[PDB]
Amino acid sequence: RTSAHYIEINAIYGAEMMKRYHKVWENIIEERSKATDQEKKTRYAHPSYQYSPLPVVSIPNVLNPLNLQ
Amino acid sequence: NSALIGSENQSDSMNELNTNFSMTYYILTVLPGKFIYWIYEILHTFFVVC
Amino acid sequence: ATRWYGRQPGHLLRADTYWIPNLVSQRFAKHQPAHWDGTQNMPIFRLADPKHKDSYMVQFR
Amino acid sequence: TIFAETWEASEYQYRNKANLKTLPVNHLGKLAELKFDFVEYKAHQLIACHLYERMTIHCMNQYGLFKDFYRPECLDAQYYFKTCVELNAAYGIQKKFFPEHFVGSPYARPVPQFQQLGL
Amino acid sequence: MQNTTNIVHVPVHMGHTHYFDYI
Amino acid sequence: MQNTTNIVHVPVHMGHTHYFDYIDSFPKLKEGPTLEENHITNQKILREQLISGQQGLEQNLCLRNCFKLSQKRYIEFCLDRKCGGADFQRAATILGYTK
Amino acid sequence: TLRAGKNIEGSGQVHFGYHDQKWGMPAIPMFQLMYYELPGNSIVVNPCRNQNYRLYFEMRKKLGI
Amino acid sequence: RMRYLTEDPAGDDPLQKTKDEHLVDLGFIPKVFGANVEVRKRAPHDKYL
Amino acid sequence: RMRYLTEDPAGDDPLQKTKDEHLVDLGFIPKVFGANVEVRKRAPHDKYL
Amino acid sequence: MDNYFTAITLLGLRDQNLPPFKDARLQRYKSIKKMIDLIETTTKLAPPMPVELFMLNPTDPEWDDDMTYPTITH
Amino acid sequence: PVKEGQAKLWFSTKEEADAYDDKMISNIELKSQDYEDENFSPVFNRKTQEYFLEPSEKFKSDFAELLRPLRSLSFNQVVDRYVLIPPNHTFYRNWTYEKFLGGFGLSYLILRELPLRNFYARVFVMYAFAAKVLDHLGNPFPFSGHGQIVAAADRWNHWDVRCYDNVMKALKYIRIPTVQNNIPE
Amino acid sequence: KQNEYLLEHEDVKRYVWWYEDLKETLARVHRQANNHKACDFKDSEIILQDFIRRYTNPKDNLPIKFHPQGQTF
Amino acid sequence: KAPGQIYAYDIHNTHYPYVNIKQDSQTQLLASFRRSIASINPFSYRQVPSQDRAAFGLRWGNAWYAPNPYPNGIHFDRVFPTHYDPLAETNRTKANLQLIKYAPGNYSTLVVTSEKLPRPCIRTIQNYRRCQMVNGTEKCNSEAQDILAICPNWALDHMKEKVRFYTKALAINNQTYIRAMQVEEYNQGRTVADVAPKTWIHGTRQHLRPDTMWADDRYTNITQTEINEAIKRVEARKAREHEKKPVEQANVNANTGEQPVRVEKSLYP
Amino acid sequence: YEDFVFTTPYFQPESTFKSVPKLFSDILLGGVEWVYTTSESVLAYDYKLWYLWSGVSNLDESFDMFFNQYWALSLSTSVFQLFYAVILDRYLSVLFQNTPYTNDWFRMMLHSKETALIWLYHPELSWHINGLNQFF
Amino acid sequence: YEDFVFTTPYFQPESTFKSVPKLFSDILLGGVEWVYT
Ligand SMILES: CCCCCCCCCCCCCCCCCC(=O)OC[C@H](COP(=O)([O-])OCC(O)COP(=O)([O-])OC[C@@H](COC(=O)CCCCCCCCCCCCCCCCC)OC(=O)CCCCCCCCCCCCCCCCC)OC(=O)CCCCCCCCCCCCCCCCC
Ligand SMILES: CCCCCCCCCCCCCCCCCC(=O)OC[C@H](COP(=O)([O-])OCC(O)COP(=O)([O-])OC[C@@H](COC(=O)CCCCCCCCCCCCCCCCC)OC(=O)CCCCCCCCCCCCCCCCC)OC(=O)CCCCCCCCCCCCCCCCC
Ligand SMILES: CCCCCCCCCCCCCCCCCC(=O)OC[C@H](COP(=O)([O-])OCC(O)COP(=O)([O-])OC[C@@H](COC(=O)CCCCCCCCCCCCCCCCC)OC(=O)CCCCCCCCCCCCCCCCC)OC(=O)CCCCCCCCCCCCCCCCC
Ligand SMILES: CCCCCCCC/C=C/CCCCCCCC(=O)OC[C@H](COP(=O)(O)OCCN)OC(=O)CCCCCCC/C=C/CCCCCCCC
């Protein structure tokens with residue numbers, strides 16, 4: 001048998017940490033939206049990648065597709 | 001297996017979820033209907049073969 | 001190897017009075033000379049296989 | 001991913017395991033159980049799992065999702081659509097990373113090279 | 001695995017007849 | 001293959017008694033201290049740990065929890081953020097993970 | 001056994017092949033004195049499970065309950 | 001011809017065959033071959049059926 | 001400890017595992033190893049039995 | 001038939017209808033074969049994130065108690 | 001002539017575009033409903049507008065109705081409301097099944113006292129009442145089978161046996177037997 | 001409270017930025033023609049190849065490298 | 001201390017939605033009457049579960065409802081071959097003892113699962129990894145031998161096979177990479193600078209016309225006269241293309257006693 | 001040899017004097033099976049409940065809210081129409097992995113009925129799950 | 001890779017374009033046994 005302490009505590013721990021991740025996720029989306037296309041493509045990119053611009057298209061920045069808060 | 005006494009055929013739908021889409025009150029509506037058609041089959045056969 | 005050799009079908013006689021279609025039909029069949037082609041496996045009868053088109057009415061149990 | 005309307009049924013059967021499920025073609029008979037009027041083209045009925053998806057949309061347009069969609073013809077369409085895309089996703093991954101499990105694959109029972117026969 | 005399981009390399013056609021199963 | 005077949009890696013001895021089949025003994029089986037003697041031995045360890053082994057424990061518990069993380073980069077992040085900027089190799093020596 | 005992944009040909013426990021059989025207790029006093037059937041209600045959870053409640057008593061004192 | 005080309009799955013028990021781990025310890029390191037994916041099984045002449 | 005060190009023969013089905021002939025045709029030539037004839041199985045501490 | 005929704009979307013079944021004849025209809029199926037290989041490759045480039053974020057490590061010695069669920073036999 | 005619209009073609013040159021229109025026009029077969037026409041078809045008249053399957057307004061309004069209680073709440077309120085339900089394992093959850101199935105026995109107590117004069121008339125009533133029960137019980141003989149009740153799927157299903165691994169394997173997994181016909185090692 | 005700090009690691013930010021890049025990349029992907037050929041997504045192949053080239057090294061023996069916390073299915 | 005309610009309770013606002021799938025007049029009328037009195041009805045049963053009370057599933061008349069199982073052609077005969085076709089009937093007929101037995105799992109899907117290695121075998125793996133990242137690989141011989149000794153042999157077989165699987169999956173993912181990153185003949189010399197500034201909506205029906213004649217009103221003003229002239233033009237273009245035609249190849253499946261190649265089937269019989 | 005070629009790798013004579021210690025191993029013809037039958041109290045008539053995960057009923061927690069909302073969302077024309085299809089395919093690859101670390105029985109995050117609504121807010125966690133499952 | 005070593009042989013990218021023609025093989029659930037009565 002697997003510990004019933006783990007099953008119930010992990011079920012609570014995962015949800016409590018999801019609420020704190022949701023707040024961190026909102027700050028990351030906000031900070032990235034204010035970033036240039038150069039920065040949001042070269043940061044965290046592979047060292048061997050050479051950036052080359054793409055034509056500017058209109059792509060909305062929607063937090064949640066369904067109208068949820 | 002629903003008509004057997006102490007069945008051991010556990011793999012023949014004994015341990016499966018078996019619902020239907022027929023009329024409910026089965027032994028009152030559906031099962032007598034199958035027996036009514038059975039009586040017609042044999043009464044029609046007796047009339048023909050004789 | 002044993003299972004493979006066992007699937008090579010054996011020869012089953014065509015003459016049959018147990019099936020009522022053959023009991024009637026074979027009274028009008030004409031026995032033609034089966035000329036030997038140099039082999040030992042000429043299937044001039046039906047084959048002892050449950051899936052053969054002339055042996056499906058036979059119960060292989 | 002299947003890139004056609006039809007697939008060989010034997011190519012999705014296991015060779016070294018018991019065959020307890022098949023990957024059947026769309027059940028076109030369920031399309032005739034819809035009581036209302038709808039337009040369906042025969043060019044969309046053979047591709048996998050899509051007929052059940054279109055049946056669900058037709059049922060959710062005629063009825064809603066509350067107390068009217070809950071009829072045997074509409075719930076079986078939604079259940080078949082959900083089950084179909086789940087089985088095909090599993091068979092698709094198994095076809096991609098376990099191709100040797102299926103009948104017709106050259107690796108299910110590999111034929112040896114002539115250099116291994118010692119002649 | 002089903003005891004009556006065979007792998008065939010050439011195409012065959014089965015009969016669509018009641019009570020019978022054959023090529 | 002017989003269905004009730006087992007491959008055992010330790011010697012067993014089977015009883016030669018009619019109508020019964022079982023393992024009656026294990027060769028060279030040594031009996032240790034009783035449950036009470038182990039209890040008295042464990043209490044002496046737990047008593048010393050309660051009296052003299054509770055000072056500076058919070059720091060060691062934080063180091064032990066950091067080393068249960070999956071990746072090394074997360075362990076270092078745990079030591080720097082939670083354990084007051086401890087070093088990886090220095091904390092591993094305290095916990096006894098160093099050869 | 002079937003659900004666990006072992007297909008079963010035939011049925012029963014009277015093994016035709018090279019296996020041991022167990023026929024069942026002869027209903028005579030000789031075997032009924034030596035043998036008795038396995039009582040399922042005697043297979044229990046180990047009582048060491050109750051020692052986990054020590055964690056609860058210590059937590060209640062730490063929280064001032 | 002169909003029954004000649006009718007095989008059963010899984011072949012024989014691989015555990016009853018010579019192990020590659022045993023050959024290494026005996027002094028012969030076996031070479032690994034690829035599957036022959038180009039050969040097509042065919043039936044022999046009728047005299048051999 | 002005896003039941004911990006009680007194993008069944010033949011292990012699992014070898015035909016359900018990754019083939020060597022398949023790895024070669026995928027671009028990976030497997031290396032053949034020898035049997036580890038030096039390890040002795042032992043039961044863990046009592047807390048894990 | 002994996003990547004069902006992706007293939008259905010690439011074929012245009014979300015806005016239009018397939019050609020009624022098998023020739024062009026079957027060519028349209030084989031046209032997305034390159035794109036499925038691309039989209040599947042993209043989904044396998046995700047960077048890792050701490051596994052101990054929404055899930056406690058089940059191998060932790062704290063969970064060796066193997067505690068059961070206490071119930072009330074009503 | 002060809003009418004232009006919002007939906008444009010996909011050709012670089014005009015010769016390729018005009019060639020595509022000529023190929024499509026040469027395949028058009030007019031089917032008119034009026035007599036005295038060179039293309040007249042009373043039956044088998046083709047439509048000239050293609051149908052498109054789209055989610056209707058009732059479709060999208062009902063899917064938005066399922067998420068009504070989520071829009072007035074924030075994510076932290078959603079989790080604290082529907083996810084982080086406080087543990088309380090003291091309730092008698094199975095009372096729902098006990099009252100329903102136990103009502104068959106209580107109904108029989110009242111039904112066995114019917115003032116029906118004829119004995120064989122009550123034979124018919126009890127046969128109809130047994131039909132109602134046997135839809136759930138299934139096998140009328142004892143020690144033969146089990147009843148069948150479809151219950152709702154909630155987070156508290158099997159809540160007190162989630163710790164046991166063998167219960168999960170027996171309920172969830174149907175393993176596939178291999179050629180080496182054995183239970184997994 | 002013991003593990004709240006793990007949400008501050010930069011790998012969480014790197015994960016979200018990758019997901020947003022995939023969203024913008026797939027939003028730019030489009031059908032170009034209706035010739036029922038592979039060239040109907042001619043420009044989209046370049047967009048996706050740029051995304052793959054952005055997180056891998058194409059001129060490696062194994063551009064997709066295995067790590068236990070990777071993606072297989 | 002109020003019991004917790006699931007999200008479905010806020011959709012229906014009640015615990016007694018008398019949902020019956022049987023669409024007959026007697027059933028739905030009784031369900032509506034029972035739905036209204038459910039607050040004061042002693043013979044009332046819940047169909048919405050809660051923290052304090054379990055619930056029932058969907059009702060089918062007096063019995064219970066479950067969808068038709070997904071079509072599965074697998075079956076097992078008893079007396080004679082029935083040639084069961086799951087697509088020949090709407091509702092699956094019940095299995096009679098002398099006729100048929102269906103495949104297991106009326107309601108089941110295909111998943112991948114894994115056994116959990118023994119706890120002592122896991123502890124030795126964690127000790128080796130920790131000793132490895134702290135001291136290095138060359139000073140973990142003692143911990144490496146504890147794995148081979150304590151972990152049962154079936155676990156060592158699983159550990160050995162996982163490496164071979166992920167090695168197989170690694171090559172399969174890279175072969176897809178090589179096909180995906182391959183430069184086609186129509187994209188030679190094209191870069192991100194040559195991409196058109198368009199999004200997914202620019203390839204839909206509103207912007208890109210489908211390849212059908214009645215997708216919009218483009219050809220609605222075409223008369224028979226213009227059709228005849230268009231036929232003359234498409235036949236004029238064929239005065240230059242009909243000069244090429246592939247040669248008839250050899251039939252690789254000419255021998256019937258030979259395993260035929262799974263060649264692409266013809267579009268039409 | 002005698003006009004016959006038997007291709008073999010190079011033989012290593014050092015394999016002759018290989019130290020192979022014999023280890024104890026006993027086979028017990030007649031031992032223990034996997035399961036055994038118990039005898040306890042049995043009731044004459046019983047009822048078996050079935051918590052069917054039909055997925056077509058919005059009355060219980062088996063209703064896949066994420067799959068239906070994002071499928072209905074992908075039906076309408078949008079700039080993210082192809083992105084929603086990729087998300088749904090990644091969600092179907094997550095349900096395909098019913099491991100001890102990804103399953104409803106042990107109440108794991110984004111696999112149990114409790115946390116089904118979280119998919120509506122964070123569909124990007126499917127890659128984290130697929131990677132976490134591969135790690136363990 | 002990311003603080004992890006996964007030892008694999010040298011991968012051959014040419015194995016991707018290996019011409020493997022599909023061959024016919026049909027499975028018959030319900031066929032012939034070894035012996036009959
Ligand atoms: C100031 C006023 C104060 C009072 C105010 C209120 C007044 C009363 C208003 C009542 C409000 C409505 C009541 C709702 C409560 C229902 C509770 C309940 O238990 O329902 C369960 C019951 C079963 O439904 P269910 O279990 O929920 O299943 C759901 C679906 O049905 C499932 O769908 P399915 O298709 O799967 O099911 C198949 C279908 C099967 O198909 C059918 O529907 C069967 C229909 C065939 C019969 C139709 C003819 C019946 C009438 C024949 C007599 C006619 C006489 C006149 C002839 C005139 C000719 C022109 O259903 C069945 O299986 C039925 C089997 C169960 C019953 C069978 C046996 C019944 C006993 C018969 C003997 C009775 C002896 C009498 C003894 C008296 C004391 C008990 O529901 C009903 O049957 C509704 C019946 C409604 C009344 C019918 C009229 C009866 C008239 C009798 C005439 C003789 C007496 C005259 C007295 C006059 C007094 C003035
Ligand atoms: C048991 C004995 C006692 C009982 C006897 C009962 C007899 C009844 C059993 C039926 C006999 C079998 C014959 C059925 C012929 C099919 C007819 C049909 O479906 O209509 C389609 C037929 C053709 O449709 P359409 O609009 O021309 O198609 C234009 C599309 O562009 C077309 O292009 P598309 O690209 O769209 O392709 C569509 C596709 C569609 O494909 C299909 O749907 C399959 C159609 C099945 C037919 C294919 C096999 C044809 C075999 C040819 C040999 C038949 C010989 C007749 C056999 C008689 C046996 C003695 O192809 C077709 O359209 C098939 C062509 C159909 C032509 C039918 C051949 C003409 C019959 C020649 C004799 C005329 C006798 C009429 C006398 C009436 C006196 C009142 O429609 C008509 O013929 C309209 C009727 C004629 C207009 C004049 C107004 C007459 C009004 C009479 C009202 C009274 C009606 C009778 C009342 C009787 C009680 C008083
Ligand atoms: C002051 C003078 C009077 C002035 C007032 C006059 C007006 C009175 C009426 C208004 C006041 C009523 C008070 C209660 C409010 C309920 C309102 C309501 O609409 O209920 C409808 C009620 C429930 O509707 P339902 O949802 O359709 O449930 C029935 C389904 O069959 C259920 O089927 P299922 O499959 O869904 O579920 C299976 C079911 C099991 O159900 C069954 O198996 C029975 C099925 C029936 C037989 C099957 C054959 C079907 C026959 C079809 C033909 C029948 C047509 C009859 C139509 C009649 C229309 C009214 O098991 C359960 O669900 C749980 C049962 C156990 C729960 C606890 C029940 C406690 C009840 C009360 C206990 C205390 C009362 C004292 C004890 C009795 C006196 C000694 O329908 C009934 O009429 C039930 C009749 C049962 C027999 C009642 C006999 C006693 C009557 C008491 C009268 C007062 C005491 C005696 C005083 C003596 C001096 C005067
Ligand atoms: C005159 C009084 C006679 C009483 C009987 C004498 C025997 C006394 C011995 C009783 C010992 C008590 C031991 C504990 C028993 C536990 C009872 C129990 O488990 O009930 C649980 C549970 C409580 O529900 P929850 O809120 O979910 O759980 C909260 C838990 N804190 O109770 C129930 O399910 C309700 C059912 C109670 C029993 C059935 C009641 C009906 C009996 C029928 C007779 C009534 C006739 C009149 C009814 C009026 C109808 C119109």
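First listed ligand is number 1; within each ligand, the first listed atom is number 1. Chain naming here is simple, since letters A, B, ... match the order of the sequence lines and numbering starts at 1 in each.
- If you check which protein heavy atom lies closest to atom 22 (C) of ligand 3, you get M:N41 OD1, 4.2 Å.
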Hey, mind stepping through J:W63 and A:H5 against ring-ring contact (aromatic ring centres under 6.0 Å, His included) and telling me if it holds? CA-CA 7 Å; J:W63 320 120; A:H5 285 170; 7.4 Å; no
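- Ranking protein heavy atoms by distance to atom 45 (C) of ligand 3, first place goes to K:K132 CE, 3.7 Å.
- Distance check on atom 24 (O) of ligand 4: some protein heavy atom falls below the 4.0 Å cut-off.
- Within the 4.0 angstrom cut-off, atom 82 (C) of ligand 1 has one or more protein heavy-atom neighbours.
- Under 3.5 Å, the side chains of A:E8 and J:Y69 contain a donor-acceptor pair of N or O atoms.
- Distance remark: protein heavy atom not present below 4.0 angstrom from atom 7 (C) of ligand 4.
- At the top of the distance list for atom 80 (C) of ligand 3, counting protein heavy atoms only, stands K:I110 CD1, 4.0 Å.
- Taking each of B:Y25, M:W60, B:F21 in turn, the one with a heavy atom nearest to atom 65 (C) of ligand 1 proves to be B:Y25.
- In terms of N/O distances under 3.5 Å, ligand 1 is not approached by B:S22.
- For atom 15 (C) of ligand 1, the nearest protein heavy atom (residue, atom name, distance) is M:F33 CE2, 4.4 Å.
- Note that atom 48 (C) of ligand 1 has no protein non-hydrogen atoms nearby, at separations under 4.0 angstrom.
- Distances from atom 30 (C) of ligand 4 to the protein include at least one heavy-atom value under 4.0 Å.
- Near K:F129, the atoms of ligand 3 lying under 4.0 angstrom from a non-hydrogen atom of the residue are 43 (O).
- Distance check for atom 25 (P) of ligand 3: a protein heavy atom is found below 4.0 Å.
- By the definition of a contact as any protein heavy atom under 4.0 Å away, atom 30 (C) of ligand 1 is in contact.
- Looking at atom 42 (C) of ligand 1, its nearest protein heavy atom turns out to be M:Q26 OE1, 3.9 Å.
- Protein heavy atoms all stay at least 4.0 Å away from atom 85 (C) of ligand 3.
- Considering backbone and side-chain atoms together, M:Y45 places no N or O closer than 3.5 Å to any N or O of ligand 3.
- Taking atom 16 (C) of ligand 1 as the reference point, the nearest protein heavy-atom neighbour is M:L30 CD2, 4.3 Å.
- With 3.5 Å as the limit, one finds no donor-acceptor pair spanning the side chains of K:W95 and J:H74.
- In summary, M:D52 and M:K1 do not engage in a salt bridge, as defined by a charged side-chain N under 4.0 Å from a carboxylate O.
- At the shortest separation from atom 19 (O) of ligand 3 among protein heavy atoms lies M:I37 CD1, 3.1 Å.
- Using a 3.5 Å distance cut-off with no hydrogens or angles, the side chains of M:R53 and K:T96 do not pair a donor with an acceptor.
- Protein heavy atoms are absent from the space less than 4.0 angstrom from atom 52 (C) of ligand 1.
- With atom 77 (C) of ligand 1 as the reference point, the heavy atom nearest to it among K:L116, K:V125, K:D135 is part of K:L116.
- Ligand 4 has an N or O atom lying under 3.5 Å from an N or O atom of K:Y92, backbone or side chain.
- Shown here, atom 73 (C) of ligand 3 is out of close reach of the protein: none of its heavy atoms lies under 4.0 Å off.
- Protein non-hydrogen atoms do not reach within 4.0 Å of atom 70 (C) of ligand 1.
- Atom-to-atom distance recorded for M:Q5:CD and M:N13:CG is 11.0 Å, nearest 0.5 angstrom.
- Among all non-hydrogen protein atoms, the one lying nearest atom 37 (O) of ligand 3 is K:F100 CE1, 3.1 Å.
- Closest to atom 38 (C) of ligand 3 among all protein heavy atoms lies K:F104 CE2, 3.6 Å.
- Atom 27 (O) of ligand 3 has M:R34 NE, 2.6 Å as its closest protein atom, hydrogens excluded (heavy atom only).
- Donor-acceptor pairing under 3.5 Å is recorded for the side chains of M:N62 and K:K132.
- Between N:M108 and N:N103 the shortest side-chain heavy-atom distance falls below 4.5 Å.
- Scanning all protein heavy atoms for the shortest distance to atom 28 (O) of ligand 3 gives M:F43 CB, 3.3 Å.
- For D:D76 and D:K30, the salt-bridge test passes: some basic side-chain N is under 4.0 Å from an acidic carboxylate O.
- The shortest contact between atom 19 (O) of ligand 4 and any protein heavy atom is with J:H74 CD2, 3.2 Å.
- Taking the six-membered ring where the residue is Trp, the centroids of M:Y70 and D:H27 are separated by 6.0 Å or more.
- Taking all heavy atoms of J:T73, K:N94, K:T90 into account, the minimum distance to atom 28 (O) of ligand 4 is reached by K:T90.
- The distance criterion of under 3.5 Å between nitrogen or oxygen atoms is met by M:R53 with respect to ligand 4.
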Take D:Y70 and D:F66 through the ring-ring contact (aromatic ring centres under 6.0 Å, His included) test and state the conclusion after the steps. CA-CA 7 Å; D:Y70 280 78; D:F66 313 95; 8.5 Å; no
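- Evaluated by nearest non-hydrogen atom to atom 68 (C) of ligand 1, the leading choice among M:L29, B:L28, B:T24 is B:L28.
- Within a 6.0 Å radius of NZ in A:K19, other residues, nucleotides and ligands contribute more than 12 heavy atoms.
- Residue-environment remark: OH (B:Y40) stays at or below the threshold of 12 foreign heavy atoms within 6.0 Å.
- For atom 40 (C) of ligand 3, a protein non-hydrogen atom is found at a distance below 4.0 Å.
- At distances below 3.5 Å, at least one donor-acceptor pair connects side-chain atoms of M:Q47 with backbone N or O atoms of M:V19.
- Proximity of atom 9 (C) of ligand 3 to the protein is not indicated, since no non-hydrogen protein atom lies closer than 4.0 angstrom.
- For K:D165 and A:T2, the side-chain atoms include at least one donor-acceptor pair closer than 3.5 Å.
- Under a 4.0 Å N-O distance rule, the pair M:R78/B:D12 qualifies as a salt bridge.
- Side chain to side chain, M:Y45 and M:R59 meet the donor-acceptor criterion of an N or O pair below 3.5 Å.
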